């Protein structure tokens, strides 16, 4: 789970930002280190953060929860889905699936001491098209 006191924007970066692609089994170790149990599924976006925060500028659309703070990407990007196939921590073994799809992020204003560069930042990944 997201550590107490960490912002949602910062968590989003840890969980999903992977500008240079990494193998799932390596990359999922840093996702799995807070619970030290194997996360079942995770998607990594192979884009610079600034390009994902730029998506917060597209027209507002409904998230999966019904709230109108989601935003679709301008275009498809490279991303990797990781899916747990076996193991127990620290042996979380994943099957990867590399894809080129658009995505939808939920966005909110930055909080606390988040950077001031972006007036809306991604706080969670809402869907992959």
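Numbering follows the first chain given and starts at 1.
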Q. Taking the recorded C-alpha temperature factors, which stretch has the higher mean, 89-97 or 76-84?
A. 89-97
Q) Mean CA B-factor: is it higher for 8-16 or for 107-115? A) 107-115
Q. According to the deposited entry, which of 43, 102, 30, 65 has the largest Cα B-factor?
A. 30
Q) By its CA B factor, does residue 36 count among the lowest, middle or highest third of the modelled residues in the chain? A) highest
